[PDB]
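Residue-level structural notes
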Amino acid sequence: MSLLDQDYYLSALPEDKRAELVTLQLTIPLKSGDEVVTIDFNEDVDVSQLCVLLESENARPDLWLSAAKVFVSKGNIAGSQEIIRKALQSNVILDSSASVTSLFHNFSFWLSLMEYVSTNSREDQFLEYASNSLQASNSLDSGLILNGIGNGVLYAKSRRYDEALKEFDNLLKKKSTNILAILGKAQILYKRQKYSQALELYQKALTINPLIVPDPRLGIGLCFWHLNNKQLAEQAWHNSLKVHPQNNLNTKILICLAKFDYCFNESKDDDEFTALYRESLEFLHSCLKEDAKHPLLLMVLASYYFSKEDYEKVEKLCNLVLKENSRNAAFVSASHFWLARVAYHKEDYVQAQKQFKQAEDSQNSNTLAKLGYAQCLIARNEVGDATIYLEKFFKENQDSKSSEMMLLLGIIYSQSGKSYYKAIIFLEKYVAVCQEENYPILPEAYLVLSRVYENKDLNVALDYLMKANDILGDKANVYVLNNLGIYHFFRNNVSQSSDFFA
Amino acid sequence: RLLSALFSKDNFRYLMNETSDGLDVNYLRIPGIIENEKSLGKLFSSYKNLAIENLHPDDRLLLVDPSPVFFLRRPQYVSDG
Amino acid sequence: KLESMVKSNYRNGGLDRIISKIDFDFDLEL
C-alpha cells in the first residue's frame, strides 16, 4: 500500500507547497536594485547583522516575518522579538500601512505566547505583554481575523472560555474553513470536558489538514481514551509520530502509558505480564535517553522503583519533581501519595495520613490518595473517623467505581452490624464490579454476606458460602465446612451435612 | 497490596491532564502558513484540491463515527426530459 | 478458558513480587 509518512501528504500536495514552504534559505533583495542576497538558515544566522542588513536594504516585511518564524523554529524567541522590534524600527513598516504594523504586533503576541509556553512561568507578565501587543494590533487593524484568534487564545489562557467561544462563533460566521478556529474551539471543548464535541472538530481539522500543527491526532487519541477505544488512539499516535518524528516526545509518553495500561489489564499470564512490562520499561528508558528530567517520566518510574523496594530513590525523584513542577498540583499529589506509600512500610501513620491529605488537597481527582487516607485512619484505629470519611466520599461520589472502597464499607458495616443493608449493597456492588472487570472476587466478601444473611436468608447465605468454597477450591477451611454442614443440617440435608462434617 | 491493585486499576488516568500540551495552538508552528501574508488563505485553499479520498487509508480508518446506498438520491429541481 | 487463565498473581495481588522478579538497570540521575 501507500506508505503513511510525511512524504505521503507532501506528494499529495502540489510541489509549490512541498519545497517552498520548508525552504531554509531566504532571498532578500538589496537596496542597490536588482541585487539580492540569499542566507541559509542552516548556518548560524546572526539576528543583529541580519536585521541591520534588512533595514539597510529595506526589504519587504514578509522576509522579516519569515526570518522571525525561522528563528522561532530555532528557539531564538529573544532573537525573533529583536527582529520584530527592529522591523518596527525599519523604514518599510513606518512607510507601510497600519496593517503591517498590526501583523508584526500580532507576531510579537505569538512570541510572548511561545515565551510563556516554553517556560510555563511568569504567566502574568507575558500575558500582559501579549495583551498590549494584540490591543495595539487591533487598534491599528481590527479587520484581521488573526487578532480575533489572538483574543480568543488570550481568553482561553485566562479561562474566559465564553468570550473565546463567542470569538470562534464569529470566525465560523466569517468562514467555516478556518483550521485554527476549529483547533481553538476543540481545545476549549476539551477544557470543558466536551470530549465528543471536541472530537468532531478534531476529525474535521484532520480531514482538512493532515499536516497541521498542533496535531489533531493527539486530541483524537485523548478522545479515544475517553471513549475506551485506546487501540485506535495508539494507532493514531503512531501515525502522528510517523508524520512528526521530532519534538513530539509527549506522543511517545502516551504510547508508553497505553502499553503499561494494556499490560496491567490484559496480560493473560505471569510470563506475558513480565514480557510486556519489561518491553514498556525498555521503551520508556529509550525515550528517557532523550530527556532524563521529565517530571512525568520520573513519577512513572517511581511506581516501578517503589515496587522494587527502592523507596529512597522514590523519595529522591518525588522531591526533585516537587521542586521543579510545584506549579502543577497533580505532580504534587502524586509525590505526596508516593511518600505516604513509602512511609506506610515505616508505618508513619500520622505522617502517611498527613501526606495523603496533602495529596488530596493538591489534586482532588486522586482517589488512590483518599483511599490511602482511609487506610491510614484504619491503621490509627480510627474506626468511626474512617467510617465518616468513607461515607462522605461515597455520598459525594456515588457513581465512582471504587470496588475496594465499597468492600471496605461493607466490612465496616458488618462489624457495626446495625448497617447490614448498606453492607449487602456495597458487597453486591463490589461483586458486580469484579465480575465486569474479570477480577478474582474475594471470598471474604462472600463470607461477610453469608454472615449477614444468617439472620435474613439461610438460602442466600448458603449459596454465597458455596460460591466462596468454589473460589477457594483446596483453600477450604474448617469453619467454612462446618458452616456448610450446619446449613445443610438446618435444611435437613442429612447426607450433605454429614459429608461436610466429614 | 490493596492499594497496589487500586493503582493498577487506576494506572495513570488523572495524569493525562498535563499531557494536554498538544492542545495549545500557535500560528508560527506551521512552516508555510506565514511565508506570505496570504499564505494562510493559500494553504486553506491548498487543501481544497484534496479531499477524503486523498487521505491515507490508515488515516481514513482513524475517521470512525462516534457508505452510500443506491436508493437515496440527492434532490433536484429541474429534473430532465 | 481465557477468563480463568488471566486470573493470576498480579490480579490476586502478587503484582509487586512480579515486578521485583523483573530486574532492569536505568541511567538514573538520582
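As recorded in the entry header, the structure was determined using cryo-EM to a resolution of 3.4 Å.

Overview of the overall build of chain C
When helices and strands are tallied, chain C shows three helices and zero strands. Element order for chain C, N to C, with α for helix and β for strand: α-α-α. Principal axes of the C-alpha set define a box for chain C whose edges measure 45 × 15 × 10 Å. Counting every position in chain C, which comprises 30 residues, the buried fraction comes to 40%.

Details of the overall build of chain A
When its secondary structure is counted, chain A shows 28 helices and two strands. Whereas a compact globule of 502 residues would reach a radius of gyration of roughly 23 Å, chain A reaches 31 Å, over 25% beyond that. Taking the principal axes of the C-alpha coordinates as reference, chain A spans close to 115 × 50 × 50 Å. The burial tally for chain A puts 51% of its 502 residues in the buried class. Pairs at least 24 apart in sequence give 47% of the contacts found in chain A among residues at least 6 apart. For chain A, the accessible area works out to roughly 24,300 Å², and carbon and sulfur atoms hold 49% of it.

Quick word on empty space enclosed by the protein
Reported here for the largest cavity is a volume of approximately 110 Å³. In this structure, the largest cavity is lined by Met299, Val300, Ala334, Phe337, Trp338 and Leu368 of chain A together with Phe7, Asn11, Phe12, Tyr14 and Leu15 of chain B. For the lining of the largest cavity, the elements supplying multiple residues, two or more each, are α17 (295-307) and α19 (329-346) of chain A. Broken down by element, the lining of the largest cavity gets its largest block of residues, three residues, from α19 of chain A. Classifying every residue of the lining of the largest cavity gives ten nonpolar, one polar and no charged.

As for unusual backbone geometry
Look at the link from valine 213 of chain A to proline 214 of chain A: it is a cis peptide, with omega at 5°. Looking at the secondary structure, you find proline 214 of chain A in the loop between α12 (195-208) and α13 (216-226). A positive phi angle, close to 55°, is found at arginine 122 of chain A, a residue other than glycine. Residue placement: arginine 122 of chain A occurs in the loop between α7 (98-119) and α8 (123-140). If you check the backbone angles, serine 79 of chain B has positive phi at about 60° while not being a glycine.

Focus on the nonpolar core
If you look at soluble globular proteins, the nonpolar side chains tend to sit buried side by side. Counting residues in each nonpolar core, the largest one holds 158 residues, and the members touching the most others are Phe104, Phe107, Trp110, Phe260, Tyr277 and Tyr304 of chain A. In this structure, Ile441, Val448, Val480 and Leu484 of chain A belong to the second largest nonpolar core, which totals 21 residues.

Points about the state of the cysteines
Residue and element names in this part refer to chain A. Within this structure, the stated rule accounts for zero disulfides over all chains. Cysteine 376 supplies the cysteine sulfur nearest to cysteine 318, a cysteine that is in no disulfide, at a spacing of 16 Å. Accessibility expressed as a relative area gives 0% for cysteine 318, which makes it buried.

Side note on the environment of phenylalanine 41 of chain A
All names here are of chain A. Along the chain, the position of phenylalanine 41 falls in the loop between β2 (36-40) and α3 (47-57). On the basis of relative accessibility, which here comes to 5%, the residue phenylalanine 41 falls in the buried class. Put simply, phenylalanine 41 and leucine 24 are 17 residues apart on the chain and 5.1 Å apart in space, counted from C-alpha to C-alpha. If near-sequence neighbours (up to four positions away) are discounted, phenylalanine 41 is found in contact with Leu24, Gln25, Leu26, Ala67, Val70, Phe71 and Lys74.

Side note on the packing of aromatic side chains
Taken as a whole and judged by the stated rule, the model has 32 aromatic pairs over all chains. Between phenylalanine 306 of chain A and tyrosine 311 of chain A, the ring centres sit 5.2 Å apart and the planes meet at 75°, which makes this aromatic pair edge-to-face. Judged by relative accessible area, which is 5%, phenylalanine 306 of chain A ranks as buried. Judged by its relative accessible area of 15%, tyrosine 311 of chain A is buried. Measuring from centroid to centroid gives 6.0 Å for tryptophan 338 of chain A and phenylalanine 7 of chain B, while their planes differ by 70°, and the two rings are edge-to-face. Of the two residues, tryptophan 338 of chain A is situated in helix α19 and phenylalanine 7 of chain B in helix α1 (residues 2-10); the pairing between them involves two chains. The exposure class of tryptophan 338 of chain A is buried, given its relative accessible area of 6%. For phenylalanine 7 of chain B, a relative accessible area of 9% translates into the label buried. Directly above the ring of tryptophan 225 of chain A sits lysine 230 of chain A, whose terminal nitrogen or CZ lies 4.6 Å from the centroid. Cation over ring: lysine 259 of chain A sits above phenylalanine 283 of chain A, and NZ or CZ is 5.9 Å from the ring centre.

Things to note about the interface of chain A and chain B
Listed per partner, the contact involves 79 residues of chain A and 50 residues of chain B. When the area that chain A buries against chain B is broken down by residue, the three leading residues are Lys69, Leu368 and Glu404 of chain A, summing to 9%. The tally of links from chain A across to chain B stands at four salt bridges. The salt bridge partner of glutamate 404 of chain A is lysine 9 of chain B, with a shortest N-O separation of 3.0 Å. Where chain A meets chain B, there are 19 residue pairs in polar contact. Taken together, the residues of the side of chain A that touches chain B sort by class into 47 nonpolar, 22 polar and ten charged.

A short note on the pairing of strand β1 (residues 25-29) of chain A
Consecutive residues of a regular strand have side chains that alternate between opposite faces of the sheet. Residues and elements named next belong to chain A. Where burial is concerned, the two faces of β1 differ: the one with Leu26 and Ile28 is buried and the one with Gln25, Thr27 and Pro29 is not. The pairing of β1 with β2 spans five bridges and is antiparallel. Pairing of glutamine 25 across the sheet is with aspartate 40, part of β2. From the end of β1 to the start of β2, which pair antiparallel, there are six residues, and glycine 33 there has a positive phi angle of about 135°.

Reading guide: rules and limits
Residues numbered from 1 in each chain as written, not as in the entry; some residues may be left out. Chains lettered and ligands numbered in written order. Part of a larger assembly, values for the part shown. Heavy atoms only, no water. Helix = DSSP H or I, 4+ residues; strand = E, 2+ residues; numbered from the N terminus. Buried < 20%, exposed > 50% of the residue type's maximum accessible area, 1.4 Å probe, protein only. Rg over C-alpha atoms; globule rule 2.2 N^0.38 Å. Contact = heavy atoms within 4.5 Å. Areas by Shrake-Rupley, 256 points an atom, 1.4 Å probe, with all protein chains shown as cover. 1 Å grid on protein atoms, 1.4 Å probe; cavity = no way out; pocket = protein on both sides within 12 Å on 5 of 7 lines; lining within 4 Å. Points joined across faces, edges and corners; volume = space filled by probe spheres on them. Nonpolar A, V, L, I, M, F, W, Y, C, P; charged D, E, K, R; others polar. Core = buried A, V, L, I, M, F, W, Y, C linked by side-chain atoms within 4.5 Å. Disulfide = S-S within 2.5 Å. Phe/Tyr/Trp six-rings, centres within 6.5 Å; stacked < 30°, edge-to-face > 60°. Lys NZ or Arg CZ within 6 Å of the ring centre and 35° of its normal. Buried area = accessible area lost by both parts, 1.4 Å probe. Salt bridge = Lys/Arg side-chain N within 4 Å of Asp/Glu carboxyl O. Polar contact = N/O pair within 3.5 Å; in protein donor to acceptor, adjacent residues only side chain to side chain. Pairing = 2+ DSSP bridges.

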